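What follows is one structure encoded as structure tokens, with my remarks underneath.
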Amino acid sequence: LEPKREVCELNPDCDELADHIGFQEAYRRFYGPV
């Protein structure tokens with residue numbers, strides 16, 4: 001797994017994850033590999 005969540009921070013879709021946990025599950029929802 002490489003730096004992929006860099007874009008996640010921009011899109012509120014998975015960015016909201018960092019609000020209560022901020023791990024990867026949210027990003028995996030629309031990608032898969034972390």
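Labeling convention for the structure tokens: chains A, B, ... as they appear, residues from 1 per chain, ligands from 1 in order of appearance.
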
Could you give me, as a VMD selection string, the residues within 12 Å of residue 13 of chain A, counting only C-alpha atoms and dropping anything in the same chain fewer than 6 positions from it? chain A and resid 5 7 19 25 to 30

Write out as an MDAnalysis selection string all residues of chain A that DSSP puts in alpha helix (DSSP H) for this structure's backbone. chainID A and resid 12:15 17:20 25:29

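For the pair atom CA of residue 31 of chain A and atom CA of residue 14 of chain A, the interatomic distance is 10.7 Å.
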
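Distance-wise, atom CA of residue 34 of chain A and atom CA of residue 4 of chain A end up 7.9 Å apart.
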
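The interatomic distance for the pair atom CA of residue 8 of chain A and atom CA of residue 22 of chain A works out to 10.6 Å.
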